[PDB]
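Undergrad: sharing an experimental structure here, sequence included.
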Amino acid sequence: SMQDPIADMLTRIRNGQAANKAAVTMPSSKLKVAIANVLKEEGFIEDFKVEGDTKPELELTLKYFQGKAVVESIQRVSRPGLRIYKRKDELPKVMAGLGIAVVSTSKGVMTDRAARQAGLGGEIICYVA
Amino acid sequence: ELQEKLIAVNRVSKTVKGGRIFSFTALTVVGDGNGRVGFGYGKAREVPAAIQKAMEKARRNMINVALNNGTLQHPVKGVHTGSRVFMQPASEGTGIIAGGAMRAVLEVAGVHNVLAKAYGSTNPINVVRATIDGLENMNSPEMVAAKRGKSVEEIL
Amino acid sequence: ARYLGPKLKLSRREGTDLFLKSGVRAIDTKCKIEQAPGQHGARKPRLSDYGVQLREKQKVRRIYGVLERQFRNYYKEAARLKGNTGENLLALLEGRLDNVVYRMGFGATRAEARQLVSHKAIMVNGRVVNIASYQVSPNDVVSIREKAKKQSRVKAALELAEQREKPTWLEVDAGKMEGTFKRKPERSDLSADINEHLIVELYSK
Amino acid sequence: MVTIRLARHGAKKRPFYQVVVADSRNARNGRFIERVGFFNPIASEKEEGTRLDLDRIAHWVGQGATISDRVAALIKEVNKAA
Amino acid sequence: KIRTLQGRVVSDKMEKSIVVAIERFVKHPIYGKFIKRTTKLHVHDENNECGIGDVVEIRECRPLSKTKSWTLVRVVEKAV
Amino acid sequence: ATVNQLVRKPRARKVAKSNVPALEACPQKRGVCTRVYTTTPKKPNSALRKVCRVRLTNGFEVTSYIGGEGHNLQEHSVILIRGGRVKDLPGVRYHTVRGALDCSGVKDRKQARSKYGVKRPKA
RNA sequence: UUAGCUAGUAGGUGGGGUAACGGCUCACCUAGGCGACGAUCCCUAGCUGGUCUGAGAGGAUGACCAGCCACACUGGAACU
RNA sequence: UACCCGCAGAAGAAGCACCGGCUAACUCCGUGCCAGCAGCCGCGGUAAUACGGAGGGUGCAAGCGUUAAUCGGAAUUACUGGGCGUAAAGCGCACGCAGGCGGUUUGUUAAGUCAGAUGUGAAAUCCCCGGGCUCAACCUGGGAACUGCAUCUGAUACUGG
Ligand SMILES: [Mg+2]
Ligand SMILES: [Mg+2]
Ligand SMILES: [Mg+2]
Ligand SMILES: [Mg+2]
Ligand SMILES: [Mg+2]
Ligand SMILES: [Mg+2]
Ligand SMILES: [Mg+2]
Ligand SMILES: [Mg+2]
Ligand SMILES: [Mg+2]
Ligand SMILES: [Mg+2]
Ligand SMILES: [Mg+2]
Ligand SMILES: [Mg+2]
Ligand SMILES: [Mg+2]
Ligand SMILES: [Mg+2]
Ligand SMILES: [Mg+2]
Ligand SMILES: [Mg+2]
Ligand SMILES: [Mg+2]
Ligand SMILES: [Mg+2]
Ligand SMILES: [Mg+2]
Ligand SMILES: [Mg+2]
Ligand SMILES: [Mg+2]
Ligand SMILES: [Mg+2]
Ligand SMILES: [Mg+2]
Ligand SMILES: [Mg+2]
């Protein structure tokens, strides 16, 4: 069954990049929106857009640099079978700081670097590199 | 100039009607003391001919590696066919902590400070391919900055 | 607990000069410095990576005259201390008292400097020090004591120290037969043929 | 009874005494309640060879702790130096 | 302010005594998975006022019996 | 491999048996020679390996190879085994210590003398 | 390749008892209680701070020093 | 007693393992599938760098080796960090209780989670910066650490209710 939408989101991104797809659509959510907000801000996708009213469809415009893909690697960390929570000291550095770790905190979803500057940790959603 | 190291020689065979025909293989790696590295695999009836064919192919098919000062930039992994390979940037003067063929390829790569580990099969051909693939797909802060469309300082 | 055999056999094995003799007579006169010792000395076999790491570590040991357990403990200390391990390892070898005596030229060899230490001829900051491996902190004075100040071999060693290059990190006064360990030396002050990374890779299996 | 006393924690021929608060039925180097300082009899010049938390010592004495003969000597020597 | 716990009532057959399943929610020390762990306690109740499947809130007191050192404070979700 | 499966049934290790069980985690055991004899080895080799059947102190009766050239071993001789198997012999898992309690050192051996219990030959 | 165990057993009332709560004990009443989150049975074993190893997580271990427990020919008992 | 001073004179003071590959280090003479070596691969049948001696050399050094034992290497029980078409490995298939997991929205809770504070986590030990024995070992001051637990105060994205 569809037990996990966030890994479905990441997988549709990953396969879109490998297929050289321009845009990727999926059923929207409040969290999938907050993550695409982060991925646009950090520069991995160009733009996101949610359309529709009763069942909204989130469309992501992917980003390609020099022909090849921007998102080299994207991985799910916390899963329904195994949740991962970290403190602010034990936040990870993806690719020695080059990649990011999308973290859900009490003050919303942010990157790991802003979580450290905020002085608070949370749930590690994904490693994006 | 381009420092050249042979990693391993090996005697192979080929059975015919008369009997066994022996031959020699040579695995060489070249490098400029910087990110320009390249390997070769030659084979002949004789060992100096095999090293010469290997150095010939290695001097071409070089690959460029975005180094840091003397080390890597982020912990990278490389696979080829039997050999998952982990390597990690290290502090100054900790040395090349690496196994077998990876020491030679990083020495001619001009790296000097790594913490490496070769899991799986340690066949030198595949592990040197796995290191070449790991260093080749290791990316700089400039390349990720131009890619994400931000500055290096916005990447930190 | 010391090597007491032939010294040029060691320099012949390492292939280069180790300054194990005073340098009055030329080493190419005293020995075949280009030929390894023994019956099978002429042959130069294809030396392995473990061979070059061993020969480099045995070079540095045979230079300074340090046995293996103690050289291992210097590696442990250099890895514990911050910064470059090989540079701290050489700074610890250069901090030995018998090296400071050699570098000040009070003894012709490091062994003769060792013998002066063991034979109570050295005062450190006024206090007599009998130990070859005493570490010499910066801003420390080191002197010949009164009775052995009139030795012949001391001012002969100062002559040969004048033939040798003067080290920067020291400040010697050859009249008083004293000196001053001003600071720990930089890597650039030392020799460049020593590949300290081979030792780190050796003790980092 | 509860007492305040030394505890030999040194090398051979070179003692060093932790001044501790202990129930007197325990061993010398054994169980204690609170370590209120030290004393070094082979103390060089330009080092402390005596350091006593006199506020805690007067706290335990207000609780009724006894004082050894050497501890009371070291309290005298502290209250004469200072 | 006093420390208290909650849980379902497992059994109520013995008089002035009920058995309560407190279900704590702990992490595994190795694999990181969060595992529900169940704790059964014999709880003193006056008046035999609780039933099966009932949620209850208990506090720790002096030992009433051999296996019983807990007394409820109040009852939530009384009915079936 | 599922973490739930590992919760319910953990990763069990391999209890490694000892190839010298008669020593009982001791380095050497005193034994008494029951029968001294020779044995032909496996097929690629060909020799007469000198080996003794020993009643030990702990009660076991094991066979033990006798190294070196020549031995004064008899029955009712008191030896000291040390562990270490001979590959080219089936069932021999132990080596006798040459130079211990009845066994003599090797006659006129001047290299590896400590592995055979031989004093330093004075000049 | 140990799945069922338990009748002072589980709880209640009252009496006794201890420095003190309490089946601790006794009478009576009730019929419970534990157990697949491993009861019971079997083998082994003093526990910890820690030590060794290991990049780490982990693995092994518990000599010396220090904290707790237990025992003092064996099995029991009480006195002060 | 440490410690110091004086005397005399190189006197009174170096061995052990190894040298086929792994593994740093080679030649000769005996020897002949014998004697024997051996951690593994394997050596030995008349030219043995692999046995035994010698010369030479290498590694350690008042120690050197062997044996036993633990971890490591071993990602070879894999949490980190493995696999299951043919190499070991998908139950013959299915329903299904317990159990594990769970679409989307709003509100609430605050259990999990996160942050902070307080108490505790004995000392020693490990680590850092120092101090003292001629140095070191050792001894020692201070600190960090003991990744834990409890309570309280908050936070509410996520998970749960
Ligand atoms: Mg393999
Ligand atoms: Mg020594
Ligand atoms: Mg260091
Ligand atoms: Mg009563
Ligand atoms: Mg009663
Ligand atoms: Mg026992
Ligand atoms: Mg490991
Ligand atoms: Mg008794
Ligand atoms: Mg070699
Ligand atoms: Mg021959
Ligand atoms: Mg050999
Ligand atoms: Mg293992
Ligand atoms: Mg393992
Ligand atoms: Mg496998
Ligand atoms: Mg088959
Ligand atoms: Mg099969
Ligand atoms: Mg099937
Ligand atoms: Mg949900
Ligand atoms: Mg909470
Ligand atoms: Mg908290
Ligand atoms: Mg502590
Ligand atoms: Mg000091
Ligand atoms: Mg909710
Ligand atoms: Mg909620």
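TA: Arrived safely, thanks for sending. Numbering: from 1, shown residues only, chains lettered A, B, ... in the order given. Ligands and ions are numbered 1, 2, ... in the order given.

Undergrad: identify the residue nearest residue C:193 in space, chain neighbours excluded?
TA: Excluding the flanking residues, the one nearest residue C:193 by Cβ to Cβ, 6 or more residues apart in numbering or on different chains is residue C:16, at 7.4 Å. For the C-beta atoms, the positions are set from N, CA and C on the backbone; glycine is no exception.

Undergrad: what's the distance between residue B:31 and ligand 3?
TA: Separation of residue B:31 from ligand 3 (Cβ to the ion, to the nearest Å): 27 Å.

Undergrad: count the neighbours of that residue for me.
TA: Per other Cβ atoms under 10 Å in any protein chain shown, the neighbour tally for residue B:31 reads 26.

Undergrad: near chain A, which residues of chain E are found?
TA: Contact residues, chain E versus chain A (Cβ under 8 Å from any Cβ of the partner chain): E:31-34.

Undergrad: spit out the contact partners of the residue most central in space within chain E.
TA: Chain E has residue E:20 as the residue nearest its centroid, 3.2 Å off, counting by Cα atoms, centre = their mean. By Cβ atoms under 8 Å, 6 or more residues apart in numbering or on different chains, the residues touching residue E:20 are E:7-10, E:40-41, E:43, E:56, E:58, E:70.

Undergrad: wait, a strand at it?
TA: Yes - when DSSP: H, G, I helix; E, B strand; the rest coil is applied, residue E:20 is found to be in a strand.

Undergrad: now it: closest residue in space that isn't a chain neighbour?
TA: Here the residue nearest residue E:20, using Cβ to Cβ, 6+ apart, is residue E:7, at 4.6 Å.

Undergrad: who's the one you found bridged to?
TA: Beta bridges link residue E:7 to residue E:56, judged by DSSP bridges.

Undergrad: who's in contact with the host helix or strand of residue E:36?
TA: Under the criterion of DSSP states H and E, residue E:36 resides in strand E:34-44. Strand E:34-44 is contacted by residues A:83, E:7, E:10, E:16-28, E:56, E:58, E:61, E:64-65, E:67-72, F:7 when judged by Cβ under 8 Å, 6+ apart.

Undergrad: would you list the buried entries among the residues you listed?
TA: E:7, E:10, E:17-20, E:22, E:56, E:58, E:68, E:70, E:72 (16 or more other Cβ atoms under 10 Å in any protein chain shown).

Undergrad: and the residues you listed, which is closest to residue B:1?
TA: residue E:22 (75.1 Å; Cβ to Cβ).

Undergrad: for stretch E:39-49, buried residues please.
TA: The neighbour-count check on stretch E:39-49 (16+ other Cβ under 10 Å) flags E:41-45 as buried.

Undergrad: correction: stretch B:26-33
TA: With burial defined by 16+ other Cβ under 10 Å, the residues of stretch B:26-33 counted as buried are B:26-32.

Undergrad: just the C-alpha atoms of that stretch, please, in CSV.
TA: Extracted in CSV, the C-alpha atoms of stretch B:26-33 (Å, rounded to 0.1, in the frame of the first residue of the first chain):
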residue,chain,number,x,y,z
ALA,B,26,50.4,-5.3,-16.1
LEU,B,27,48.3,-2.8,-14.2
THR,B,28,49.8,0.7,-14.2
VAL,B,29,48.6,4.0,-13.0
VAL,B,30,50.0,7.4,-13.9
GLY,B,31,49.5,10.9,-12.4
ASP,B,32,50.8,14.4,-12.3
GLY,B,33,50.9,14.8,-8.5
